[PDB]
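Structure record follows, encoded as structure tokens.
First the proteins, then the strands, lettered A, B, ... as listed; each starts at 1. Basis for what follows: all heavy atoms, side chains included, without hydrogens, waters or symmetry-related copies.
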Amino acid sequence: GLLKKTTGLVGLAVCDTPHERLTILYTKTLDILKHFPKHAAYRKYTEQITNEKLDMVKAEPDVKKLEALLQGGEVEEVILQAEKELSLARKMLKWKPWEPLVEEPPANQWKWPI
Amino acid sequence: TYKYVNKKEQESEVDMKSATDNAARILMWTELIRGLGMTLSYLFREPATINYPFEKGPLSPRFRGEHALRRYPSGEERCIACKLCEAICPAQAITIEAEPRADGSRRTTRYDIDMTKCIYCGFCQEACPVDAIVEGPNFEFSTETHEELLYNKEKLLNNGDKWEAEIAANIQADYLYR
Amino acid sequence: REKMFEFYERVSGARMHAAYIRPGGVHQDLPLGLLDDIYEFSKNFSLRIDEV
Amino acid sequence: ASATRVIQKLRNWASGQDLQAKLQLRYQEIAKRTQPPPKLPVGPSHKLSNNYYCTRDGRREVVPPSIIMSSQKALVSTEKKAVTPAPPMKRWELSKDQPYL
Amino acid sequence: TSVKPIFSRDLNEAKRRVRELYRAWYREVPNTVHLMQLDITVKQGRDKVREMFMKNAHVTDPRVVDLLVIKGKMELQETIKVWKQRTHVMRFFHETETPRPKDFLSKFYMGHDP
Amino acid sequence: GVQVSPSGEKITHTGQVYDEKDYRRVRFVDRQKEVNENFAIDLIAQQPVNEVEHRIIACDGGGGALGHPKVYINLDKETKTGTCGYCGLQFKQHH
Amino acid sequence: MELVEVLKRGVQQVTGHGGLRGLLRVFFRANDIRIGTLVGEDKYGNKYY
Amino acid sequence: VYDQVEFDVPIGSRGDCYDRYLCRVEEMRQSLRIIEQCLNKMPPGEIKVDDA
Amino acid sequence: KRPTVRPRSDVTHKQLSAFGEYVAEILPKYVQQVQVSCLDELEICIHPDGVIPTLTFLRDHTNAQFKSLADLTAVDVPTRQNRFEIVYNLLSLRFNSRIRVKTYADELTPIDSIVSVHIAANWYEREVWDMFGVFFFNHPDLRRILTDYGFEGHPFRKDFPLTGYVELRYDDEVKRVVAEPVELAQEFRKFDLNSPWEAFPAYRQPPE
Amino acid sequence: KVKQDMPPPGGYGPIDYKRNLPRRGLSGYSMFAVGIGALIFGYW
Ligand code: SF4
Ligand code: SF4
Ligand SMILES: [Zn+2]
């Protein structure tokens, strides 16, 4: 299909090679996820999300039909989101949110009405 | 459904005709001339100005203006000092005191409205069970001092006696919507 | 705008701070003849937009 | 309304519009300032029977929030699938009335 | 009695920040008197700074001292930027206020307030 | 109705009037004390008593939905009239 | 031709207020010389048109 | 009752003041389109919840 | 179908409940409570340490995408030892959903600023500092925003009086506006309105 | 019977709302031809 003239969003430029770029970002995300503990839920769910999207990119070579499958807007918004998930995974590796609750609140902290 | 307000970018080739039309538009200020045409067309329109104060802006019977205290057709005050208007007043603009009148009647001895606290919301006249306190139609009561806008009961009853003929007719026109 | 302030004042008695929409609905029903006057305003307004 | 036919032509030509068909000043087309009295209808709870308030009391149907997980009193705990807060929003369709200005 | 610190781990570290803020306020008074055209001496401005600091001399909690310094830096910032006007700076001097007498008899004559 | 105190000040229908030695009388100097002259207590007392055929009469104050909440007045006591607690009208039973 | 109709309505407005003094009175009191139907007069002397 | 009326959402392309001015002008035109439907589809009945 | 009662669907409640479990399983280090109201609004209650990780996760994660901070505010509850409840209201355009994240603070425990996650939070955090006196760590530029210059106290605290402590007037002797202790010609009249009869048995608190 | 404020039977007439700016004026050629003809005549 013919390359897009604009994405429709100010500041978001057209990607010439969206299939390649998505493959790079999703593959990079799955690499950093192997550094998480196996039991961490963020790893398991993000692996499911990413593999599902990676298989769509492998399946569909048409950009327009790929956008229909991904359901994340223009393919350039999908690429942007893919970069955001990768950036998050690097942060989650240092935050370690999978660890037990750091502290309980006071007993009536969340009791409403008082 | 959505529409584009400024996506007319179906870029096309330019003929001599369209290039000259574009050239004429730039060099002869044609769209600026259309602006002058519009303001010229207003010059010859009848202006919308009314001749205040000999003419007035239209109003409706629901208009919320200067407050008044009303009476029954006998001359007895309608207000029975229930204080519903005072309780609901979102500005606490109403201050009321009451006691048994000499004939045993439940009547007010103080009924004040701070017109500089009041927000002219009409909640008092909705809340009144006896149509005693109303916002009348008058809107021309600007004063030269702050103190003149602290209305007491005598002032509010005089507004009622002053404006009842128009107030009664406005209530007759709207009460079936209330 | 001055004509639309009249619709406000005709439903609520106030040109601006109507206090007309309340939890549960609206304070009062439309006066008879208001829809016709809103229609008369509405059918000319797009020309006013065109001039601007 | 009272413009002469010459001035009407002048202002119609100058504006590029037919101004006489949509005058901004109001004449006799508007409602009369006195109207017949209304007679408003009553709502669906104006019934003499089968109308017990406890069968139509919305406030008494409100309940406290459902506790999904609580570090205090409610433990939250095949591969469980990932979920979104809601399904993805469908793309808007381009207007058929007038897609482009 | 185990609490999170804000900035200072002990009252000694907090006293260090207090002295820094005091220096900053001390140096600012002559520039403020000059730029705002205040009808006071520089000495009178620095005595007022001193009196405001000693209004809190009794505070021992390092966290409260941290927050007093944070607020003192804000007040300094709106003074240097001339966000405060003359009315605002002169408010510190209470020049139209008749002070309440401190003895029992004077308060007894005036009214019922302790 | 409106009377005057010894100082000359009009007395209101609520019985208000400043003392002669009240400084607050200064506020009316070269101005005026506003006093409504139609005392409701005097006007309601001018109304005739209504004679009715029953022992319970309903008063809504006249004008239907423009009056006051409809109340029922007992007329069994023959030594006095039943007075409406809202509008002050009086009723008496015929026999 | 239609101008002549307009000027004649101006003559009616200018001569329809009770002579010169009546035209000056309304013109300088109200800044308006339109003629309308008299709807009434109240007890204070206000005239409604 | 916004899910019962037809109208279009004006969308900008450049994200600048001129596009936002065009969006607001067109939103007024779409408001007239909604008003027309409100006038014709105005239903009968009460105007506040029948729940005293 | 009952014309005066608000209609309800179970679909949004189920969807929001499931996403609440999802968020709690991913962030157990911080999540203290998850609940979905009968108005179908999801609230995640977190320990204050989790503010930046939690809100970063909700912005950037592909199944969340809460990219728009609708508002950020506080609630003062004097009976709690951590009297300030910090509320983040977030919007996801991708999934057309809203979520609320709540943490708590006291007078001497600052919260982390989330300006690095949402630049929108900048003025909101200034508003929370101004109105409630909650300090934010690592805020670029924290200072009053609504109150007057040199204003003392945090007026949205429950124990700050409605009319405050100082009022303003012009004084002709000094030729400027001056601040003086508040004195009112008419005191605000306090109304005791609560009925002594219980309104909502569904919220009756244990008799203890 | 109940009397309320309602639309007339059949509804109101259709309302214009789309932009309507007239197309007007001469071609580019006619304007340039008139302008150049004024110049040449004046030069002469
Ligand atoms: S109009 Fe509103 S603010 Fe004014 S006195 Fe009545 S209830 Fe109070
Ligand atoms: S004016 Fe009406 S609401 Fe107010 S105290 Fe009198 S009777 Fe009650
Ligand atoms: Zn009665």
Is it true that, when you exclude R5(D) itself, more than 12 heavy atoms of the residues, nucleotides or ligands shown sit nearer than 6.0 Å to its CZ?
no
Output the distance between atom NZ (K39(D)) and atom CG (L32(C)), rounded to the nearest 0.5 Å.
13.0 Å
Heavy-atom neighbours of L94(D) CG exceed 12 at 6.0 Å
yes
As an exercise: rank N44(C), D29(C), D50(C), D36(C) by heavy-atom pairs under 4.5 Å with chain D and give me the winner.
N44(C)
Nearest-0.5 Å distance, CD of residue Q17(D) to CD of residue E51(C):
7.0 Å
For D37(C), is it the side chain, the backbone, both, or neither that has a heavy atom closer than 4.5 Å to a heavy atom of chain D?
side chain
Could you tell me which portion of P36(D) (side chain, backbone, both or neither) has an atom closer than 4.5 angstrom to a non-hydrogen atom of chain C?
both
Applying a strict 4.5 Å limit to non-hydrogen atoms, the region of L47(C) in contact with chain D is side chain
Please report the interatomic distance CD1(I30(D)) to NZ(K3(C)), rounded to the nearest 0.5 Å.
10.5 Å
Quick check on the interface: out of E40(C), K43(C), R48(C), who has the most heavy-atom pairs with chain D under 4.5 Å?
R48(C)
Does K96(D) have more than 12 heavy atoms from other residues, nucleotides or ligands lying within 6.0 Å of its NZ?
no
Segment of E6(C) engaging chain D (4.5 angstrom heavy-atom cut-off)
side chain
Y8(C) atom OH, over 12 foreign heavy atoms within 6.0 Å
no
In this structure, are over 12 heavy atoms from other groups packed under 6.0 Å from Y52(D) atom OH?
no
Which atoms form the tightest heavy-atom contact between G33(C) and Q35(D), and what is the distance?
N-OE1, 4.0 Å
